[PDB]
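First up is the structure itself, then whatever we jot down about it.
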Amino acid sequence: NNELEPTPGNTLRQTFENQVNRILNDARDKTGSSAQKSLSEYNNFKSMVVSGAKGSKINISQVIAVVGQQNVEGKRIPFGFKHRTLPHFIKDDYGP
Amino acid sequence: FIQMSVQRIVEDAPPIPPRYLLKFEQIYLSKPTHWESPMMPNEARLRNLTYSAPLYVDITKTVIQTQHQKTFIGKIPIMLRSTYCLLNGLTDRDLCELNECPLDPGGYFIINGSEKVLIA
Amino acid sequence: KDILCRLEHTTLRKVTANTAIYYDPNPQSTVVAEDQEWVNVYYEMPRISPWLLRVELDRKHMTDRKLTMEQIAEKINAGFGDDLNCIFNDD
Amino acid sequence: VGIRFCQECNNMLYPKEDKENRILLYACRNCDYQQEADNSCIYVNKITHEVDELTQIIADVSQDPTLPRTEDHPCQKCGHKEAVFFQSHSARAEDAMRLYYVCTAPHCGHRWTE
Amino acid sequence: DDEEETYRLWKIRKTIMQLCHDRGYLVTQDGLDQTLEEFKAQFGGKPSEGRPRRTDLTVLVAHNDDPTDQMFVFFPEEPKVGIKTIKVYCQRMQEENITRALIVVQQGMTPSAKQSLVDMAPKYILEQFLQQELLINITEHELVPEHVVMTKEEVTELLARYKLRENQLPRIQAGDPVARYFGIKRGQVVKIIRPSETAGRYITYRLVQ
Amino acid sequence: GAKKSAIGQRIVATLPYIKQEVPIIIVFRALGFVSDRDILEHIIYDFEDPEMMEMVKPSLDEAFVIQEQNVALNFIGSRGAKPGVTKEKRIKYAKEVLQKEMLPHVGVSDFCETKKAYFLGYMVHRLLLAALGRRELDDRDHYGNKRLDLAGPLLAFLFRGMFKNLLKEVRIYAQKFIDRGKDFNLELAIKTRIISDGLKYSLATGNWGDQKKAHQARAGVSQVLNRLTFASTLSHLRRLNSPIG
Amino acid sequence: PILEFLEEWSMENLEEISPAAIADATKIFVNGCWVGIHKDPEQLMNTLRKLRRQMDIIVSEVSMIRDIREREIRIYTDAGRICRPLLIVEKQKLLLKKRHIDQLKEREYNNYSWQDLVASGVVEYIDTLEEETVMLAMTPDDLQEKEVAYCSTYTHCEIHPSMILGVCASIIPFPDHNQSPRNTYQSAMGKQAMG
Amino acid sequence: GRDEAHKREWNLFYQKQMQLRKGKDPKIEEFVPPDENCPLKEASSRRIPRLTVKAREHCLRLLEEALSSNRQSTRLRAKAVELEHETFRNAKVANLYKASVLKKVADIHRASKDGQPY
RNA sequence: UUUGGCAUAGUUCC
DNA sequence: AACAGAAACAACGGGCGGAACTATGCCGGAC
DNA sequence: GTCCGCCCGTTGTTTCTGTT
Ligand SMILES: [Zn+2]
Ligand SMILES: [Zn+2]
């Protein structure tokens with residue numbers, strides 16, 4: 001609806017992509033925090049993460065809650081086909 | 001390739017006081033044989049041979065006509081299990097008789113015993 | 001923002017809107033009807049070539065950099081000397 | 001603006017100056033064919049060039065199966081409900097996400113942008 | 001504009017005053033510290049068709065150890081200084097019995113003039129400084145540690161103490177910005193005093209060569 | 001400079017077997033089209049496109065000199081692989097190149113100019129569309145813009161050269177045996193070793209080409225079959241390769 | 001045969017065309033060679049696809065692409081194009097039916113096979129640059145059904161989405177619960193196991 | 001270095017084209033001195049090339065007519081002469097002098113439209 | 001108790 | 001007018017990870 | 001037993017001003 005206003009120093013595409021990536025990162029981090037704080041005192045992932053042996057809270061988050069966004073060359077997945085990522089999507093689809 | 005491309009390559013080749021002219025007409029391919037006699041792929045593997053078939057051609061000689069049939073111009077390697085191999089269409093019992101694995105997929109050449117695979 | 005303006009390169013293309021080359025030998029009867037009044041005012045109180053170089057400056061970019069048409073005119077005079085003529089409208 | 005061609009040699013007509021009648025003449029370099037033009041403007045250069053694609057959008061895009069469709073935007077002319085839509089589909093556009101619409105009713109081909 | 005030209009002249013004068021103070025010459029505090037309005041009042045606030053015309057701003061000052069050894073700071077009025085201008089300046093130096101002089105240039109000097117400056121080196125010493133190179137004092141930049149020019153006595157003592165031949169010191173080019181600022185010839189040794197992260201201070205030495 | 005700054009962009013074509021670049025209008029005239037109206041009919045399909053017309057105008061401003069097919073052919077042929085000492089031979093070489101090596105897929109017969117002009121106009125039109133930002137530039141990594149050379153194409157390309165060499169050898173033998181005028185034989189004139197050894201060597205070593213020129217020959221075709229496991233065999237038999245370094 | 005059918009189906013040729021009747025016509029390319037123009041691209045494409053599905057004049061291997069925006073029709077008979085089979089969705093229902101499934105599951109002593117499935121116009125071969133004008137559905141009984149409308153114009157359907165994996169990666173169990181480098185490493189190490 | 005080369009090439013091209021447009025005898029327009037009734041400050045000043053006394057007198061009349069129209073709206077010679085003299089003193093070239101006078105005239109007319117004394 | 005080399009391909013580990 | 005100092009552009013050449021383990025083809029041709 | 005794919009340090013070429 002053209003109601004989005006550009007951020008100074010950024011293009012319209014850049015500001016839209018920044019807002020989308022920020023929302024998705026907030027979602028991934030919130031789900032990760034929920035997964036962390038819902039663990040138990042006998043959990044072996046927690047045993048191997050708290051002691052610093054091997055693993056990380058991001059690995060626990062990806063195992064339990066959400067794998068997260070996939071990026072290519074620092075940007076979201078590009079439009080390999082004509083204006084769409086795969087033949088299973090309509091053209092010009094910017095959903096998550 | 002064997003059905004069409006070699007024939008097209010032969011045909012598209014330009015033909016080569018008294019005058020002499022030559023013109024190659026068409027080709028032929030027998031099943032693979034050994035010259036010292038069909039040669040089975042397992043024998044080709046064991047004896048370090050090459051699994052191949054001879055390619056003939058009709059050549060016509062004219063002076064300014066005389067026809068030469070089945071002119072031997074060389075041996076062309078044959079891909080296993082292809083239409084021009086000795087294992088094409090055989091059943092599993094025949095494959096076992098020839099000491100060939102019925103599960104072998106085929107699609108490779110036997111050059112001096114070793115098995116070669118072309119890479120796309 | 002003033003220093004930001006001072007430290008960033010900017011040619012005329014960054015602010016121009018459109019340009020065109022006309023053929024208008026008549027100082028009074030001008031092919032373009034917009035310039036009539038002020039071009040007549042300029043010519044009434046004084047050779048030249050009959051050709052023109054009319055350019056149009058984008059208002060948004062003109063007012064963003066805090067630029068002034070007098071400043072553009074004096075820059076043109078410095079860059080080309082008095083062998084050009086320049087007449088400019090106002091905002 | 002546009003290119004105009006001589007009727008004798010069919011070559012491009014360059015502008016030439018008539019220093020007697022203070023008039024503009026279009027003349028070619030092959031023959032001596034002259035003309036008088038109505039544009040009176042040799043050259044035009046717009047650097048904004050924010051061309052509205054409604055001139056460049058074909059009405060035949062309505063047969064694309066890969067395009068999204070909506071029924072909340074009825075056609076202005078024929079009142080048809082279903083209408084395909086897409087984005088600018090233009091390179092060398094600094095910034096644009098505006099939608100464009102094409103009516104899917106055959107022979108209507110109305111192409112607007114709300 | 002006239003304001004900008006006055007500002008540039010004032011900044012160049014202030015930097016040259018600082019340069020002379022660093023080089024050991026005798027410049028007073030009031031001369032060192034002039035406000036823009038004071039400079040406008042003293043020597044014209046209007047440059048174009050005004051009293052300051054890149055002349056009468058020339059500075060003659062005597063070294064703190066010898067009033068006989070003095071230096072000039074000339075302001076050519078020509079964007080491209082020429083052979084005849086250099087000859088005029090050398091004539092003025094000869095008549096005033098002055099050995100060293102600085103020359104601030106509007107845009108640049110022709111290579112012929114630069115070579116005609118180099119040729120008379122034992123007779124006279126003249127240095128070229130562009131107008132852009134003096135709008136700032138490079139010494140005041142925080143990336144530049146303090147430099148001290150060392151006397152031949154300090155050099156000898158240092159070499160004897162560390163048992164070093166001058167080949168074995170770090171070097172600094174005679175075209176270096178700070179070297180030109182201090183007016184150092186080949187064979188002189190500068191001392192660098194800078195704070196350190198692991199010791200608290202560290203004194204280095206550089207040979208001009 | 002002033003003239004380059006006013007011209008802006010010009011369109012040039014790099015024809016094969018020619019020393020350096022040629023402006024496009026020169027090639028179109030060499031095809032036999034003289035009028036700017038006809039050339040613009042071949043290039044700009046819809047004349048109600050002033051931006052395209054203005055874009056192509058500087059290319060036509062290089063036609064101020066050349067106006068005829070003969071001189072255009074001369075200009076094209078001046079830059080051959082070996083520049084001639086005469087002019088008729090140079091013009092014949094130019095015509096031969098424009099008839100044999102420029103766009104072979106359109107046609108090679110005598111009357112192929114009417115279609116070569118259209119295809120070259122299409123190339124120029126697509127270039128203009130790319131320059132105007134109306135179509136997306138292609139990417140080499142898109143897999144619709146790729147082909148795969150399997151055993152058929154590989155062995156056919158290999159066999160063309162060997163059959164050509166066999167023809168050369170039989171020709172040489174025939175000429176040598178016929179200059180005497182005595183007689184001529186066929187079986188003695190054919191060296192089967194050429195074809196047999198060539199195919200066998202190329203399959204045995206993997207250097208796809210003749211043995212004498214195994215320097216630029218692309219190595220890595222015809223590997224020896226993996227037999228460690230059945231999965232290894234299958235995944236070897238179904239394998240691709242990108243010739244990128 | 002494709003050129004002959006094009007001539008039979010009212011396709012004006014280049015040498016018989018005035019340069020004014022080309023702006024509103026869609027160019028036809030066959031093997032990258034511009035052969036003519038046409039004025040009814042939609043009906044032409046419908047007829048060509050019907051002929052390819054019947055397997056009458058055009059072999060199943062040939063691909064046909066229509067660039068709707070740029071008004072071009074490209075037909076390839078070339079060798080080396082890579083293609084995979086896809087199911088056909090006509091309106092919203094697969095053309096594959098329970099009768100086909102039963103005739104397939106009685107495959108022995110019935111001489112009904114994949115060729116007889118292809119000849120019925122049920123499945124189709126789609127190469128890479130024909131996939132750019134197609135709308136695919138990953139699963140029939142999940143994506144054809146009535147939902148909140150995402151796409152109601154599906155043109156094909158996937159046989160099974162797990163057929164995107166190669167020979168060595170078809171042995172990994174639960175590859176969708178793994179990490180991609182781990183799947184790659186197993187694809188490497190599957191060629192070194194001893195059996 | 002490429003920008004400097006292009007700027008030199010442009011300057012040579014421009015100077016060549018302007019020399020082909022310069023006639024052999026550029027008639028130096030004779031400076032006619034002010035008349036005894038000339039109300040201009042520094043009327044005999046030749047500081048601005050090609051600016052005549054009659055041009056400055058015309059520019060002064062435009063300022064007077066504008067100020068007269070403004071005063072009639074809000075219910076003058078000395079002020080017009082000061083406005084002209086300030087504009088003269090600040091201008092370096094005749095075209096900028098004329099433009100700065102016309103700007104002052106436009107500003108006076110804006111004040112009159114707004115019902116404000118200039 | 002005596003010693004070939006050149007090239008190409010594949011694989012292992014960071 | 002002749003000479004000389006300095007600079008813009010163009011062409012040319014060298015440079016590009018570390019180890020390790022298997023295998024296979026080939027080392028000149030006619031007379 | 002005889003003949004047959006990208007970067008950037010050097011050096012050149014050419015050009016453009018200054019001196020006498
Ligand atoms: Zn004409
Ligand atoms: Zn409608």
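Following the order of the structure tokens, first chain is A, next is B, and so on, with residues numbered from 1 inside each chain and ligands from 1 in the order they appear.
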Give one line per residue of chain F that approaches ligand 1 to at most 12 Å, naming the two atoms of the closest pair and their distance in Å to one decimal, counting only C-alpha atoms and all ligand atoms; sort by chain then ascending residue number and deliver it as CSV.
residue,atom,partner,partner_atom_place_in_ligand_line,distance
F:35,CA,ligand 1,1 (Zn),10.0
F:36,CA,ligand 1,1 (Zn),10.7
F:37,CA,ligand 1,1 (Zn),11.5
| task | Counting only C-alpha atoms (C1' of nucleotides) and all ligand atoms, name the residues that have an atom within 9 Å of an atom of ligand 2; the answer should be given as a list in words. | result |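 Selection of residues at most 9 Å from ligand 2: residues 74, 75, 76, 77, 78, 79, 80, 81, 82, 83, 102, 103, 104, 105, 106, 107, 108, 109, 110 and 111 of chain D.
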Selection above as a file: N, CA, C and O atoms, as an mmCIF file, in the first residue's frame:
data_model
loop_
_atom_site.group_PDB
_atom_site.id
_atom_site.type_symbol
_atom_site.label_atom_id
_atom_site.label_comp_id
_atom_site.auth_asym_id
_atom_site.auth_seq_id
_atom_site.Cartn_x
_atom_site.Cartn_y
_atom_site.Cartn_z
ATOM 1 N N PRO D 74 -12.177 -5.232 -7.607
ATOM 2 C CA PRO D 74 -12.928 -5.352 -8.860
ATOM 3 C C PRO D 74 -12.400 -4.406 -9.925
ATOM 4 O O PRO D 74 -11.853 -3.341 -9.630
ATOM 5 N N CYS D 75 -12.564 -4.818 -11.178
ATOM 6 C CA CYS D 75 -12.119 -4.004 -12.300
ATOM 7 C C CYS D 75 -12.954 -2.736 -12.410
ATOM 8 O O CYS D 75 -14.169 -2.752 -12.206
ATOM 9 N N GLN D 76 -12.288 -1.627 -12.737
ATOM 10 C CA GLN D 76 -12.989 -0.354 -12.851
ATOM 11 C C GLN D 76 -13.969 -0.354 -14.019
ATOM 12 O O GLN D 76 -15.074 0.189 -13.904
ATOM 13 N N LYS D 77 -13.586 -0.951 -15.147
ATOM 14 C CA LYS D 77 -14.423 -0.883 -16.342
ATOM 15 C C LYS D 77 -15.542 -1.917 -16.313
ATOM 16 O O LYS D 77 -16.725 -1.565 -16.252
ATOM 17 N N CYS D 78 -15.192 -3.199 -16.348
ATOM 18 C CA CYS D 78 -16.179 -4.256 -16.510
ATOM 19 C C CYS D 78 -16.657 -4.837 -15.189
ATOM 20 O O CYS D 78 -17.461 -5.773 -15.198
ATOM 21 N N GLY D 79 -16.177 -4.321 -14.061
ATOM 22 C CA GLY D 79 -16.654 -4.786 -12.775
ATOM 23 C C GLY D 79 -16.345 -6.230 -12.457
ATOM 24 O O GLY D 79 -16.955 -6.793 -11.546
ATOM 25 N N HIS D 80 -15.419 -6.850 -13.180
ATOM 26 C CA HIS D 80 -15.045 -8.225 -12.888
ATOM 27 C C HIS D 80 -14.273 -8.286 -11.578
ATOM 28 O O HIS D 80 -13.443 -7.422 -11.288
ATOM 29 N N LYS D 81 -14.549 -9.320 -10.782
ATOM 30 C CA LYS D 81 -13.968 -9.402 -9.445
ATOM 31 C C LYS D 81 -12.510 -9.838 -9.495
ATOM 32 O O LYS D 81 -11.618 -9.107 -9.052
ATOM 33 N N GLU D 82 -12.249 -11.026 -10.032
ATOM 34 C CA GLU D 82 -10.894 -11.560 -10.046
ATOM 35 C C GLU D 82 -9.971 -10.673 -10.869
ATOM 36 O O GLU D 82 -10.317 -10.246 -11.973
ATOM 37 N N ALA D 83 -8.789 -10.399 -10.325
ATOM 38 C CA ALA D 83 -7.815 -9.546 -10.994
ATOM 39 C C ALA D 83 -6.422 -9.979 -10.578
ATOM 40 O O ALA D 83 -6.102 -9.983 -9.388
ATOM 41 N N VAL D 102 -4.072 -6.280 -13.363
ATOM 42 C CA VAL D 102 -4.590 -6.552 -14.698
ATOM 43 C C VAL D 102 -5.868 -7.357 -14.544
ATOM 44 O O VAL D 102 -5.899 -8.353 -13.817
ATOM 45 N N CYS D 103 -6.929 -6.927 -15.217
ATOM 46 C CA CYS D 103 -8.189 -7.649 -15.155
ATOM 47 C C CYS D 103 -8.085 -8.951 -15.936
ATOM 48 O O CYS D 103 -7.520 -8.990 -17.031
ATOM 49 N N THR D 104 -8.635 -10.019 -15.369
ATOM 50 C CA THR D 104 -8.520 -11.347 -15.955
ATOM 51 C C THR D 104 -9.670 -11.699 -16.888
ATOM 52 O O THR D 104 -9.660 -12.786 -17.471
ATOM 53 N N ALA D 105 -10.652 -10.821 -17.046
ATOM 54 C CA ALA D 105 -11.752 -11.067 -17.969
ATOM 55 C C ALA D 105 -11.232 -10.954 -19.390
ATOM 56 O O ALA D 105 -10.511 -9.992 -19.702
ATOM 57 N N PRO D 106 -11.542 -11.897 -20.279
ATOM 58 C CA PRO D 106 -11.025 -11.815 -21.651
ATOM 59 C C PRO D 106 -11.468 -10.554 -22.372
ATOM 60 O O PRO D 106 -12.613 -10.113 -22.232
ATOM 61 N N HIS D 107 -10.552 -9.962 -23.135
ATOM 62 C CA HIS D 107 -10.730 -8.772 -23.963
ATOM 63 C C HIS D 107 -10.942 -7.501 -23.146
ATOM 64 O O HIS D 107 -11.131 -6.436 -23.744
ATOM 65 N N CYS D 108 -10.919 -7.564 -21.815
ATOM 66 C CA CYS D 108 -10.970 -6.340 -21.023
ATOM 67 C C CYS D 108 -9.591 -5.701 -20.925
ATOM 68 O O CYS D 108 -9.388 -4.564 -21.362
ATOM 69 N N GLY D 109 -8.636 -6.419 -20.344
ATOM 70 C CA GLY D 109 -7.260 -5.960 -20.315
ATOM 71 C C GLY D 109 -7.051 -4.636 -19.619
ATOM 72 O O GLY D 109 -6.127 -3.900 -19.972
ATOM 73 N N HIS D 110 -7.887 -4.308 -18.641
ATOM 74 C CA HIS D 110 -7.708 -3.064 -17.906
ATOM 75 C C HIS D 110 -6.533 -3.205 -16.952
ATOM 76 O O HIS D 110 -6.475 -4.154 -16.165
ATOM 77 N N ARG D 111 -5.596 -2.268 -17.019
ATOM 78 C CA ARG D 111 -4.346 -2.343 -16.271
ATOM 79 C C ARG D 111 -4.203 -1.065 -15.456
ATOM 80 O O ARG D 111 -3.811 -0.025 -15.992
#
| said: List the spatial neighbours of segment 96-103 of chain F as a ChimeraX atom specification - criterion: any atom at most 10 Å away, only C-alpha atoms (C1' of nucleotides), same-chain residues fewer than 4 positions off excluded. | reply: /F:14-18,27,30-31,73,76-77,80,90-92,107-113,116,119-120 /G:33
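Take atom CA of residue 106 of chain H and atom CA of residue 69 of chain H: the distance between them is 12.0 Å.
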| query | Residues of chain K within 12 Å of chain H, using only C-alpha atoms (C1' of nucleotides), as a list in words? | reply | residues 15, 16 and 17 of chain K
| query | What are the residues of chain D that have an atom within 10 Å of an atom of chain G, counting only C-alpha atoms, as a list in words? | reply | residues 56, 57, 58, 59, 60, 61, 62, 63, 64, 65, 66, 67, 68, 69 and 70 of chain D
| query | Using only C-alpha atoms (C1' of nucleotides), which residues sit within 7 Å of residue 6 of chain H once same-chain residues fewer than 4 positions away are excluded, as a list in words? | reply | residues 1 of chain F; 2 and 10 of chain H
| query | Once you count only C-alpha atoms (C1' of nucleotides), which residues of chain B turn out to be within 12 Å of chain J? Could you give them as a ChimeraX atom specification? | reply | /B:111-116
Just to be explicit: take each residue in the selection above, keep C-alpha atoms, and write the result as a PDB file, in the first residue's frame.
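So result-v2.pdb came out as:
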ATOM      1  CA  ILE B 111      39.502 -50.652 -22.573  1.00  0.00           C
ATOM      2  CA  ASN B 112      42.591 -52.865 -22.210  1.00  0.00           C
ATOM      3  CA  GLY B 113      40.894 -54.780 -19.408  1.00  0.00           C
ATOM      4  CA  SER B 114      40.018 -51.807 -17.229  1.00  0.00           C
ATOM      5  CA  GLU B 115      36.488 -50.400 -17.088  1.00  0.00           C
ATOM      6  CA  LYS B 116      36.014 -46.801 -18.213  1.00  0.00           C
TER       7      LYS B 116
END
